[PDB]
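Below is one structure; the comments refer to it alone.
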Amino acid sequence: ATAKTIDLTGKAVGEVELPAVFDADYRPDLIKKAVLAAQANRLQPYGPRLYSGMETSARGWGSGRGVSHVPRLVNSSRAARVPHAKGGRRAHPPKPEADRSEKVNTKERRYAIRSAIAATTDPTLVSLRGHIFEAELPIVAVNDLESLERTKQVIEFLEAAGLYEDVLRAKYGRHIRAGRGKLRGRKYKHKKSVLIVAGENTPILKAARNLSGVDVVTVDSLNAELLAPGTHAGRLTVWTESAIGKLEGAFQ
Amino acid sequence: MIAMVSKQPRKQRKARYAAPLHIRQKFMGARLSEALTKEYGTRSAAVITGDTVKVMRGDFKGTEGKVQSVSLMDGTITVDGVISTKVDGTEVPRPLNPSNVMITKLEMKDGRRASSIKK
Amino acid sequence: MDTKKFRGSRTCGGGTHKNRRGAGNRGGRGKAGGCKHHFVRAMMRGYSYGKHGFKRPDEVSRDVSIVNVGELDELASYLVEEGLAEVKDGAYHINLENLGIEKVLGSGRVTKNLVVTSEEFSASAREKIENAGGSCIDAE
RNA sequence: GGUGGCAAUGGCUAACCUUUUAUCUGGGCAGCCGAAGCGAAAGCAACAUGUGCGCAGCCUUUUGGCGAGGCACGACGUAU
RNA sequence: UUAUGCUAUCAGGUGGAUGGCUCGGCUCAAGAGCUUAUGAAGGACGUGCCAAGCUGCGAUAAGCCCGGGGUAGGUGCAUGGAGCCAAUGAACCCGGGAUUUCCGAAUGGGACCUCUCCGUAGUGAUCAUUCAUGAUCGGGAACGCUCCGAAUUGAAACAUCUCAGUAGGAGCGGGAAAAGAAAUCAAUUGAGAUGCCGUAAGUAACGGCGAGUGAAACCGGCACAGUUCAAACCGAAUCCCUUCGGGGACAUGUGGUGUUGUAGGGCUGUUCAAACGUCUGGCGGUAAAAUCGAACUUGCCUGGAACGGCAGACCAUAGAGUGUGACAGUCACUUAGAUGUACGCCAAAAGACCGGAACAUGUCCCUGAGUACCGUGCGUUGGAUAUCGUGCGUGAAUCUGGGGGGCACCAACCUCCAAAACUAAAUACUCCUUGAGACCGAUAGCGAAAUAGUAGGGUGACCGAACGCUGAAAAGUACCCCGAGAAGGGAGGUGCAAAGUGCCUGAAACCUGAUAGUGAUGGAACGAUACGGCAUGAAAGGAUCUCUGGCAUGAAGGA
Ligand SMILES: [Mg+2]
Ligand SMILES: [Mg+2]
Ligand SMILES: [Mg+2]
Ligand SMILES: [Mg+2]
Ligand SMILES: [Mg+2]
Ligand SMILES: [Mg+2]
Ligand SMILES: [Mg+2]
Ligand SMILES: [Mg+2]
């Protein structure tokens with residue numbers, strides 16, 4: 001329906017009418033479909049080498065020797081090339097020619113994204129996603145937020161709006177994950193706190209770029225993953241007036 | 001130097017461990033005192049054998065002294081008065097990492113040291 | 001299939017472990033054995049032997065696109081809204097040459113005066129068009 | 001098959017452009033399927049319910065009435 | 001005190017799994033892409049103060065010299081003794097040079113001889129030329145082009161077919177290569193080089209019409225590019241080398257014009273003026289090492305060791321990480337962002353160089369031959385009487401001409417000009433460079449976490465491993481005793497901890513000892529259920545819970 005405009009002091013200084021994207025229904029299933037499709041589309045092929053365990057020239061010994069029939073080396077008895085021999089090929093390993101990508105049609109993907117955008121207004125789901133805040137959703141801001149070029153100003157705005165608690169939770173709950181993720185480059189396990197959506201490319205993109213667990217994107221790059229990470233809708237999103245005015249026919 | 005061009009831990013550790021001698025000169029750095037960084041325009045520099053430093057972490061916290069030895073390979077600096085006593089009883093000096101120490105006094109026996117700290 | 005369901009069942013839903021060996025547990029490879037031991041399956045799936053008829057060249061053969069007079073009559077106003085046809089003197093003047101359809105068939109009813117021009121009209125399409133007061137014109 | 005999107009004014013886009021580096025957003029009507037079938041082919045071209053019964057459902061003097069879908073005819077296109 | 005034994009647990013040995021870590025591997029993407037007779041790659045041998053392997057280098061031999069960066073230590077994997085080098089700026093990295101034994105394309109002759117013979121001092125072979133000089137030879141992970149060319153297998157047999165122009169082979173060759181500017185595709189009228197991608201489409205087509213194989217055009221895209229010869233007419237008007245004197249090619253034609261289809265070009269005349277292209281140029285981008293780049297190392301607590309808990313203060317175009325005696329935005333390297341950068345690469349303004357396009361003209365001239373086409377055979381193809389190749393035979397016409405329009409011939413209509421030649425970009429691949437990863441985590445991932453194509457096996461083609469982990473710091477066990485002992489043991493000490501030299505945790509199998517039960521009258525799938533003996537029962541299990549009785553209500557049954 002309609003919301004309020006909050007300036008840099010944090011107080012609401014004007015009533016804004018939300019576009020028709022905001023009054024969409026709640027669809028966790030289509031949110032999950034879009035989220036899984038994007039996560040599959042970002043994937044990457046892997047798999048062993050073309051002849052892992054298979055470049056040997058081993059042949060079986062046949063019967064009459066008291067050993068099993070597995071392939072063995074031509075000049076020793078050591079077994080090779082079979083999936084149960086030591087050093088043998090992985091039976092059914094991953095292939096680099098696999099196609100892990102998924103697909104959602106553009107109409108239902110847009111319906112999923114609109115369902116995610118409507119979820120940002122809902123206080124119960126936004127407070128049900130671990131987001132800790134006292135602001136009154138939706139948090140629309142006047143368009144001065146685009147042109148502030150230092151993260152201290154972003155900190156002051158988030159404190160004024162009642163959203164700095166979730167930023168602190170993202171920063172101080174950012175914790176080391178377990179297992180093989182750390183060695184492969186995924187040391188810490190992160191948190192999602194604040195999502196800023198400016199109308200166009202401004203210095204707020206560089207401003208809140210370094211906020212802990214805070215993603216900032218223009219309305220054009222508003223995929224459903226930003227609106228609902230990990231198939232759960234209810235991201236604590238901060239919009240502006242410019243994003244609101246560039247949103248009347250965003251996904252219809 | 002290891003950039004955010006690569007963020008993988010294995011790549012960064014390989015670049016550090018196989019880094020050449022001219023990149024291992026920068027490994028010896030440490031936090032200066034407040035006075036030195038205020039009077040030298042940079043927040044830190046590299047520690048040379050001889051300048052007085054104070055170990056601000058470990059078993060020898062706050063022990064100012066003269067860096068007796070330094071190895072560019074292992075990235076280990078040995079401090080006067082920060083040593084170990086062996087079973088023989090002889091005092092073998094201990095190697096401390098250069099990040100553990102904080103410089104208090106410089107060593108201007110090198111005229112090139114001024115351009116080494118900055119520019 | 002469901003790999004994790006059959007972890008423990010040995011044969012993995014295949015009966016004897018002597019089943020599931022190669023092409024012999026299916027009766028050849030592909031749609032083979034269609035004259036000897038898969039005759040009835042060939043009949044059931046359409047693999048039965050034989051050739052029938054001929055083909056004309058595709059360069060001369062043409063498949064015309066059709067539309068019935070009921071479809072034209074019951075959405076001619078959508079044509080005038082869309083701009084593919086207009087209304088003169090109460091008769092909806094609709095040309096088939098630009099809608100992509102090249103034949104007209106009289107499936108259904110005609111109510112409004114449709115001045116339809118097309119490549120070729122069926123006899124009953126001509127009858128239903130002329131009964132309603134419209135006209136048919138063959139367009140080159 | 002289960003779950004969904006859109007739905008005769010139908011559905012999906014493929015390559016590809018946009019990448020602020022493989023995500024993503026907006027495009028991309030070529031094309032495939034559906035929309036009319038029968039026939040080897042030339043060729044021709046149909047029902048926007050004419051009728052009967054009747055479940056759920058609604059109404060009802062609780063036994064009947066109306067009855068989507070369903071079942072059975074009739075009519076029509078084309079081949080022989 | 002019952003041995004040999006049995007079962008369960010415990011301690012220790014042997015052992016090296018699990019767990020944790022990891023400078024390796026794999027996969028994908030993006031760049032860049034040749035080298036070699038000015039002697040490569042690859043190999044043999046040598047090469048270090050103590051140096052065996054690997055790596056690097058070559059009798060100047062883990063090196064030498066010069067310009068740039070860096071600056072205080074260096075002396076490889078591999079911080080031992082003694083020396084040496086370095087503030088005359090080394091080590092190290094980028095750039096430019098020097099040295100660069102023998103073999104190897106190996107090239108003065110020769111190889112069971114990596115050396116040897118002649119020394120008249122080495123251009124071996126095939127080639128071009130003015131006989132001055134120059135080219136080719138080998139290697140390169142795959143890709144590219146040309147030619148030759150199977151079988152397993154599928155058809156549930158098998159031969160046409162398929163497997164498959166695959167596997168393999170020979171030649172050539174570059175950063176790309178091939179293709180390439182219609183004697184084209186269409187359809188009644190259109191399009192306007194080629195390549196690659198999607199679709200047409202499992203359609204046409206082929207086929208024991210079985211199994212299977214299987215396009216193109218239209219269309220939508222990536223990228224955009226058009227031209228040069230032969231000839232007509234002219235006739236040495238030229239071209240290459242050079243010691244600048246001259247020589248060589250060439251009248252068997254160097255060069256100019258010209259290059260094509262509702263035909264073009266030449267000869268005759270007329271009109272306009274001159275497009276694209278070649279060269280000079282380096283304004284500016286790009287470009288070597290590399291430079292700078294924020295803010296804590298504050299108090300107490302535990303700890304050996306704080307990055308941690310409790311308090312406190314700051315940075316963030318920079319909360320990506322890695323190291324650091326444990327969880328690090330603020331300690332170091334860094335990071336977002338700004339810089340510097342020689343040689344090279346691209347490069348627009350501003351100039352010089354040749355010129356191009358039409359008009360009318362006609363009994364004029366030229367416009368590719370063993371070629372197009374045809375007969376026959378074979379291969380190949382989806383190509384069917386209608387694919388392309390080429391073996392043999394035949395074989396034209398010249399603008400009043402010739403070809404195509406999926407059997408042939410006639411006619412109309414449409415469309416084009418072969419048999420001569422060049423041509424970026426879009427595309428393909430990964431030795432190499434960088435990045436990334438729901439990838440593997442040491443019996444996995446390359447075979448190799450590389451003293452790994454190594455040890456080892458084979459005459460040979462060739463086959464082919466295992467081995468990772470001390471601790472924060474060696475603080476790597478002083479002194480004493482036993483012992484023949486630089487072995488080993490005890491005592492003793494360093495270490496928070498022996499973790500006590502393939503040393504992190506340290507399983508089971510197996511072995512040794514102890515504890516409990518039983519045991520030299522005893523019957524076997526080693527156990528399930530119930531009841532007892534012995535030992536345990538601290539934690540995690542019960543406390544109206546355990547044992548023993550009375551009272552109340554008591555289903556089925558019932559003395
Ligand atoms: Mg392996
Ligand atoms: Mg059976
Ligand atoms: Mg077969
Ligand atoms: Mg060659
Ligand atoms: Mg060509
Ligand atoms: Mg084939
Ligand atoms: Mg940073
Ligand atoms: Mg291995």
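So you can find residues: chains in the structure tokens are A, B, ... in the order shown, residues in each start at 1, and ligands are numbered from 1 in order.
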Go through chain E and flag each residue having an atom no more than 10 Å from ligand 5; for those, report the closest pair of atoms plus their distance in Å to one decimal, using only C-alpha atoms (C1' of nucleotides) and all ligand atoms, ordered by chain and rising number, as JSON lines.
{"residue": "E:178", "atom": "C1'", "partner": "ligand 5", "partner_atom_place_in_ligand_line": "1 (Mg)", "distance": 9.7}
{"residue": "E:179", "atom": "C1'", "partner": "ligand 5", "partner_atom_place_in_ligand_line": "1 (Mg)", "distance": 7.0}
{"residue": "E:180", "atom": "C1'", "partner": "ligand 5", "partner_atom_place_in_ligand_line": "1 (Mg)", "distance": 5.5}
{"residue": "E:181", "atom": "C1'", "partner": "ligand 5", "partner_atom_place_in_ligand_line": "1 (Mg)", "distance": 8.8}
{"residue": "E:194", "atom": "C1'", "partner": "ligand 5", "partner_atom_place_in_ligand_line": "1 (Mg)", "distance": 9.2}
{"residue": "E:421", "atom": "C1'", "partner": "ligand 5", "partner_atom_place_in_ligand_line": "1 (Mg)", "distance": 7.9}
{"residue": "E:422", "atom": "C1'", "partner": "ligand 5", "partner_atom_place_in_ligand_line": "1 (Mg)", "distance": 7.5}
{"residue": "E:423", "atom": "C1'", "partner": "ligand 5", "partner_atom_place_in_ligand_line": "1 (Mg)", "distance": 8.5}
Set the distance at 12 Å and use only C-alpha atoms (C1' of nucleotides): which residues neighbour residue 21 of chain D once local chain neighbours fewer than 2 positions away are removed? I'd like the list as a PyMOL selection string. (chain D and resi 19+23) or (chain E and resi 29-30+435-436)
Could you write those residues out with N, CA and C atoms (P, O5', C5', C4', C3', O3' and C1' of nucleotides), as a PDB file, in the first residue's frame?
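Saved result, result.pdb, follows:
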ATOM      1  P     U D  19      28.195  -5.147 -20.795  1.00  0.00           P
ATOM      2  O5'   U D  19      28.188  -6.165 -19.567  1.00  0.00           O
ATOM      3  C5'   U D  19      28.063  -5.704 -18.230  1.00  0.00           C
ATOM      4  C4'   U D  19      28.320  -6.801 -17.221  1.00  0.00           C
ATOM      5  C3'   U D  19      29.703  -7.431 -17.227  1.00  0.00           C
ATOM      6  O3'   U D  19      30.665  -6.640 -16.559  1.00  0.00           O
ATOM      7  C1'   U D  19      28.042  -9.113 -17.003  1.00  0.00           C
ATOM      8  P     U D  23      26.511 -16.130 -16.207  1.00  0.00           P
ATOM      9  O5'   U D  23      25.779 -16.149 -14.796  1.00  0.00           O
ATOM     10  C5'   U D  23      25.671 -17.347 -14.050  1.00  0.00           C
ATOM     11  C4'   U D  23      25.275 -17.083 -12.622  1.00  0.00           C
ATOM     12  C3'   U D  23      23.919 -16.442 -12.411  1.00  0.00           C
ATOM     13  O3'   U D  23      22.830 -17.334 -12.568  1.00  0.00           O
ATOM     14  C1'   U D  23      25.501 -15.357 -11.049  1.00  0.00           C
TER      15        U D  23
ATOM     16  P     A E  29      35.686 -24.092 -20.133  1.00  0.00           P
ATOM     17  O5'   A E  29      35.927 -22.624 -19.581  1.00  0.00           O
ATOM     18  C5'   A E  29      34.840 -21.731 -19.417  1.00  0.00           C
ATOM     19  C4'   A E  29      35.249 -20.483 -18.678  1.00  0.00           C
ATOM     20  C3'   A E  29      36.153 -19.517 -19.424  1.00  0.00           C
ATOM     21  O3'   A E  29      35.443 -18.679 -20.317  1.00  0.00           O
ATOM     22  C1'   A E  29      36.994 -19.855 -17.250  1.00  0.00           C
ATOM     23  P     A E  30      36.188 -18.026 -21.578  1.00  0.00           P
ATOM     24  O5'   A E  30      37.285 -17.073 -20.927  1.00  0.00           O
ATOM     25  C5'   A E  30      36.926 -15.819 -20.367  1.00  0.00           C
ATOM     26  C4'   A E  30      38.143 -15.016 -19.985  1.00  0.00           C
ATOM     27  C3'   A E  30      39.147 -14.759 -21.100  1.00  0.00           C
ATOM     28  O3'   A E  30      38.804 -13.622 -21.875  1.00  0.00           O
ATOM     29  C1'   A E  30      40.271 -15.536 -19.159  1.00  0.00           C
ATOM     30  P     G E 435      46.396 -15.836  -9.262  1.00  0.00           P
ATOM     31  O5'   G E 435      44.835 -15.891  -9.556  1.00  0.00           O
ATOM     32  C5'   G E 435      44.052 -14.710  -9.526  1.00  0.00           C
ATOM     33  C4'   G E 435      42.650 -14.960 -10.020  1.00  0.00           C
ATOM     34  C3'   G E 435      41.831 -15.969  -9.233  1.00  0.00           C
ATOM     35  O3'   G E 435      41.270 -15.427  -8.052  1.00  0.00           O
ATOM     36  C1'   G E 435      41.615 -16.416 -11.535  1.00  0.00           C
ATOM     37  P     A E 436      41.008 -16.353  -6.770  1.00  0.00           P
ATOM     38  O5'   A E 436      39.775 -17.249  -7.204  1.00  0.00           O
ATOM     39  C5'   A E 436      38.527 -16.650  -7.503  1.00  0.00           C
ATOM     40  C4'   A E 436      37.581 -17.639  -8.130  1.00  0.00           C
ATOM     41  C3'   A E 436      37.279 -18.876  -7.308  1.00  0.00           C
ATOM     42  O3'   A E 436      36.318 -18.638  -6.296  1.00  0.00           O
ATOM     43  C1'   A E 436      37.766 -19.511  -9.518  1.00  0.00           C
TER      44        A E 436
END
Atom pair atom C1' of residue 168 of chain E / atom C1' of residue 146 of chain E: separation (Å): 16.9 Å
Using only C-alpha atoms (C1' of nucleotides) and all ligand atoms, find each residue in chain E having at least one atom no more than 9 Å away from ligand 4; report its shortest atom-to-atom pair and that distance in Å (one decimal), rows by chain then rising number, as a tab-separated table.
residue	atom	partner	partner_atom_place_in_ligand_line	distance
E:136	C1'	ligand 4	1 (Mg)	8.9
E:137	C1'	ligand 4	1 (Mg)	7.8
E:138	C1'	ligand 4	1 (Mg)	7.3
E:139	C1'	ligand 4	1 (Mg)	8.5
E:172	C1'	ligand 4	1 (Mg)	7.9
E:173	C1'	ligand 4	1 (Mg)	7.3
Go ahead and dump the residues you just picked, C-alpha atoms (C1' of nucleotides), as a PDB file, in the first residue's frame.
ATOM      1  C1'   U E 136      64.367 -26.169 -46.117  1.00  0.00           C
ATOM      2  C1'   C E 137      65.898 -29.901 -42.382  1.00  0.00           C
ATOM      3  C1'   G E 138      64.526 -30.555 -35.668  1.00  0.00           C
ATOM      4  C1'   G E 139      61.105 -29.541 -31.544  1.00  0.00           C
ATOM      5  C1'   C E 172      52.690 -30.165 -44.430  1.00  0.00           C
ATOM      6  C1'   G E 173      52.109 -26.093 -41.026  1.00  0.00           C
TER       7        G E 173
END
If you run DSSP on this backbone, which residues of chain C come out as alpha helix (DSSP H), and could you give them as a ChimeraX atom specification? /C:39-45,69-74,76-82,123-131
Could you produce a table of the residues of chain B lying within 7 Å of chain A, with the nearest pair of atoms per residue and their separation in Å rounded to one decimal, using only C-alpha atoms, ordered by chain and increasing residue number, as a Markdown table?
| residue | atom | partner | partner_atom | distance |
| --- | --- | --- | --- | --- |
| B:7 | CA | A:185 | CA | 6.9 |
| B:8 | CA | A:185 | CA | 4.8 |
| B:9 | CA | A:185 | CA | 5.8 |
From the set E:440, E:57, E:538, E:70, which residue has the shortest atom-to-atom contact distance to ligand 8, counting only C-alpha atoms (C1' of nucleotides) and all ligand atoms?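 For ligand 8, the nearest of the candidates is E:440.
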Which residues sit within 7 Å of ligand 1, counting only C-alpha atoms (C1' of nucleotides) and all ligand atoms, listed as a PyMOL selection string? (chain A and resi 52-53+87-88) or (chain E and resi 445)
Skipping near chain neighbours, those fewer than 2 positions away, what residues fall within 10 Å of residue 151 of chain A using only C-alpha atoms (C1' of nucleotides), listed as a ChimeraX atom specification? /A:148-149,153-157,204,206-211 /E:316-317
Run DSSP on the backbone and grab whatever in segment 32-244 of chain A lands in strand (DSSP E); send it over as a list in words. residues 59, 60, 71, 72, 139, 140, 141, 175, 176, 188, 189, 194, 195, 196, 197, 198, 214, 215, 216, 217, 218, 237, 238, 239 and 240 of chain A
Could the residues in this selection be saved with N, CA and C atoms as a short mmCIF file (atom, residue, chain, number, x, y, z; two decimals), in the first residue's frame?
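selection06.cif, freshly written:
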data_model
loop_
_atom_site.label_atom_id
_atom_site.label_comp_id
_atom_site.auth_asym_id
_atom_site.auth_seq_id
_atom_site.Cartn_x
_atom_site.Cartn_y
_atom_site.Cartn_z
N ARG A 59 46.28 -56.33 -17.35
CA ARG A 59 45.43 -57.40 -17.86
C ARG A 59 45.29 -58.46 -16.78
N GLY A 60 44.16 -59.15 -16.79
CA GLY A 60 43.93 -60.19 -15.81
C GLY A 60 44.83 -61.39 -16.03
N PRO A 71 42.25 -57.03 -13.09
CA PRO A 71 43.44 -56.67 -13.88
C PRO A 71 44.64 -56.42 -12.99
N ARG A 72 45.80 -56.88 -13.46
CA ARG A 72 47.05 -56.72 -12.74
C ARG A 72 48.12 -56.30 -13.73
N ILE A 139 10.96 -0.04 5.06
CA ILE A 139 11.88 1.05 5.37
C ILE A 139 12.24 1.71 4.05
N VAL A 140 11.43 2.66 3.64
CA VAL A 140 11.71 3.46 2.46
C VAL A 140 12.41 4.73 2.91
N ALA A 141 13.39 5.17 2.13
CA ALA A 141 14.18 6.34 2.48
C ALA A 141 14.15 7.35 1.34
N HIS A 175 31.37 -16.08 11.94
CA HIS A 175 32.02 -17.13 12.70
C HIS A 175 32.65 -18.12 11.75
N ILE A 176 33.70 -18.79 12.21
CA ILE A 176 34.40 -19.76 11.39
C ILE A 176 33.52 -20.98 11.18
N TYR A 188 35.20 -18.23 6.99
CA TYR A 188 34.13 -17.78 7.87
C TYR A 188 32.77 -18.14 7.29
N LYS A 189 31.78 -18.24 8.17
CA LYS A 189 30.39 -18.46 7.79
C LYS A 189 29.63 -17.19 8.11
N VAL A 194 21.53 -6.33 6.03
CA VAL A 194 20.87 -5.15 5.48
C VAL A 194 21.02 -5.18 3.97
N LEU A 195 19.95 -4.83 3.26
CA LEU A 195 19.95 -4.79 1.80
C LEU A 195 19.49 -3.41 1.37
N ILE A 196 20.39 -2.65 0.75
CA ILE A 196 20.09 -1.31 0.25
C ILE A 196 19.85 -1.39 -1.24
N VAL A 197 18.81 -0.72 -1.72
CA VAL A 197 18.43 -0.74 -3.13
C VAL A 197 18.30 0.71 -3.59
N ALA A 198 19.38 1.26 -4.14
CA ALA A 198 19.34 2.60 -4.70
C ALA A 198 18.69 2.59 -6.08
N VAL A 214 26.00 -6.78 4.56
CA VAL A 214 25.06 -5.85 3.96
C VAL A 214 25.32 -5.79 2.47
N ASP A 215 24.31 -6.15 1.68
CA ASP A 215 24.40 -6.09 0.23
C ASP A 215 23.65 -4.87 -0.27
N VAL A 216 24.26 -4.14 -1.20
CA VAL A 216 23.64 -2.99 -1.84
C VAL A 216 23.63 -3.23 -3.34
N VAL A 217 22.47 -3.01 -3.96
CA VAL A 217 22.28 -3.26 -5.39
C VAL A 217 21.26 -2.27 -5.92
N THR A 218 21.38 -1.96 -7.21
CA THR A 218 20.34 -1.21 -7.89
C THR A 218 19.12 -2.10 -8.12
N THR A 237 15.42 -5.33 4.02
CA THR A 237 15.79 -4.53 2.87
C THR A 237 15.51 -3.05 3.12
N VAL A 238 16.46 -2.20 2.72
CA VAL A 238 16.32 -0.75 2.80
C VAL A 238 16.22 -0.22 1.38
N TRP A 239 15.08 0.38 1.05
CA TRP A 239 14.84 0.94 -0.27
C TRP A 239 15.01 2.45 -0.22
N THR A 240 14.87 3.09 -1.38
CA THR A 240 14.84 4.54 -1.48
C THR A 240 13.61 4.96 -2.27
#
Can you pull out every residue with an atom within 8 Å of ligand 6? Use only C-alpha atoms (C1' of nucleotides) and all ligand atoms and format it as JSON, numbers by chain. {"E": [164, 165, 213, 381]}
Saved selection, atoms kept: N, CA and C atoms (P, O5', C5', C4', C3', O3' and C1' of nucleotides), as a PDB file, in the first residue's frame:
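The resulting selection_37.pdb:
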ATOM      1  P     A E 164      32.964 -45.351 -34.256  1.00  0.00           P
ATOM      2  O5'   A E 164      32.379 -44.683 -35.576  1.00  0.00           O
ATOM      3  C5'   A E 164      32.902 -43.464 -36.078  1.00  0.00           C
ATOM      4  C4'   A E 164      33.126 -43.523 -37.567  1.00  0.00           C
ATOM      5  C3'   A E 164      31.896 -43.869 -38.406  1.00  0.00           C
ATOM      6  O3'   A E 164      31.981 -43.229 -39.678  1.00  0.00           O
ATOM      7  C1'   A E 164      33.578 -45.419 -38.843  1.00  0.00           C
ATOM      8  P     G E 165      31.583 -41.694 -39.920  1.00  0.00           P
ATOM      9  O5'   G E 165      32.353 -41.361 -41.273  1.00  0.00           O
ATOM     10  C5'   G E 165      33.541 -40.577 -41.304  1.00  0.00           C
ATOM     11  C4'   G E 165      34.779 -41.363 -40.940  1.00  0.00           C
ATOM     12  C3'   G E 165      36.047 -40.517 -40.780  1.00  0.00           C
ATOM     13  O3'   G E 165      36.867 -41.014 -39.725  1.00  0.00           O
ATOM     14  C1'   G E 165      36.416 -42.166 -42.399  1.00  0.00           C
ATOM     15  P     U E 213      22.506 -44.057 -35.376  1.00  0.00           P
ATOM     16  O5'   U E 213      22.982 -43.618 -36.824  1.00  0.00           O
ATOM     17  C5'   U E 213      24.241 -44.039 -37.319  1.00  0.00           C
ATOM     18  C4'   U E 213      24.411 -43.691 -38.773  1.00  0.00           C
ATOM     19  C3'   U E 213      24.255 -42.226 -39.126  1.00  0.00           C
ATOM     20  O3'   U E 213      25.418 -41.460 -38.859  1.00  0.00           O
ATOM     21  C1'   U E 213      23.000 -43.528 -40.634  1.00  0.00           C
ATOM     22  P     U E 381      30.963 -42.678 -46.120  1.00  0.00           P
ATOM     23  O5'   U E 381      29.988 -41.642 -46.816  1.00  0.00           O
ATOM     24  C5'   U E 381      30.105 -40.258 -46.540  1.00  0.00           C
ATOM     25  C4'   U E 381      29.075 -39.448 -47.280  1.00  0.00           C
ATOM     26  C3'   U E 381      27.637 -39.819 -46.997  1.00  0.00           C
ATOM     27  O3'   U E 381      27.170 -39.293 -45.770  1.00  0.00           O
ATOM     28  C1'   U E 381      27.934 -39.593 -49.316  1.00  0.00           C
TER      29        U E 381
END
Step by step, measure atom-to-atom distances between ligand 7 and each residue using only C-alpha atoms (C1' of nucleotides) and all ligand atoms, keep those at most 8 Å, then write them as a PyMOL selection string. chain E and resi 318-320+329+334-336
Now that the selection is made, can you save its residues with C-alpha atoms (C1' of nucleotides) as a PDB file, in the first residue's frame?
ATOM      1  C1'   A E 318      39.672  -1.053   2.508  1.00  0.00           C
ATOM      2  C1'   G E 319      35.014  -6.962   7.414  1.00  0.00           C
ATOM      3  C1'   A E 320      38.877 -10.754   0.556  1.00  0.00           C
ATOM      4  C1'   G E 329      39.084  -5.331  10.204  1.00  0.00           C
ATOM      5  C1'   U E 334      47.841  -7.047   2.703  1.00  0.00           C
ATOM      6  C1'   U E 335      43.071  -5.632   0.828  1.00  0.00           C
ATOM      7  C1'   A E 336      39.373  -1.054  -1.892  1.00  0.00           C
TER       8        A E 336
END
List all protein, DNA and RNA residues that have at least one atom no more than 12 Å from any atom of ligand 2, counting only C-alpha atoms (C1' of nucleotides) and all ligand atoms, and write them as a ChimeraX atom specification. /C:14-21,24-27
Can you tell me which residues sit at most 9 Å away from ligand 8, counting only C-alpha atoms (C1' of nucleotides) and all ligand atoms, written as a VMD selection string? (chain A and resid 87) or (chain E and resid 442 to 449)
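Non-sequential neighbours of residue 116 of chain B (distance at most 9 Å, separation of 5 or more positions within a chain, only C-alpha atoms (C1' of nucleotides)) are residues 45 and 46 of chain B; 70 and 71 of chain E.
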For C-alpha atoms (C1' of nucleotides), I'd like the residues from the last selection saved as a PDB file, in the first residue's frame.
ATOM      1  CA  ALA B  45      58.764  -0.334   8.692  1.00  0.00           C
ATOM      2  CA  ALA B  46      61.197  -3.270   8.646  1.00  0.00           C
TER       3      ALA B  46
ATOM      4  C1'   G E  70      64.904  -3.522  -3.321  1.00  0.00           C
ATOM      5  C1'   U E  71      68.134  -2.633   0.941  1.00  0.00           C
TER       6        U E  71
END
Using only C-alpha atoms (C1' of nucleotides) and all ligand atoms, which residues have at least one atom no more than 8 Å from ligand 3? Output them as a ChimeraX atom specification. /E:153-158
Within 8 Å of residue 44 of chain B, counting only C-alpha atoms (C1' of nucleotides), which residues show up once you throw out same-chain ones fewer than 5 positions away? Write them as number ranges by chain, please. B: 29-32, 37, 117
Write out, as a short mmCIF file (atom, residue, chain, number, x, y, z; two decimals), in the first residue's frame, the residues just selected, with N, CA and C atoms.
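Dumped everything to result_23.cif:
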data_model
loop_
_atom_site.label_atom_id
_atom_site.label_comp_id
_atom_site.auth_asym_id
_atom_site.auth_seq_id
_atom_site.Cartn_x
_atom_site.Cartn_y
_atom_site.Cartn_z
N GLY B 29 58.80 -6.75 9.03
CA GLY B 29 58.24 -5.53 9.57
C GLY B 29 57.55 -5.73 10.91
N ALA B 30 57.27 -4.61 11.56
CA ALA B 30 56.66 -4.60 12.87
C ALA B 30 56.05 -3.23 13.11
N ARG B 31 55.16 -3.16 14.09
CA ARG B 31 54.61 -1.87 14.47
C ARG B 31 55.70 -1.03 15.12
N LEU B 32 55.81 0.23 14.70
CA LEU B 32 56.75 1.13 15.33
C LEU B 32 56.20 1.56 16.69
N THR B 37 56.35 6.60 14.22
CA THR B 37 55.40 6.74 13.13
C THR B 37 54.89 8.17 13.02
N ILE B 117 62.30 3.18 4.47
CA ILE B 117 61.08 3.29 5.26
C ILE B 117 59.93 3.83 4.41
#
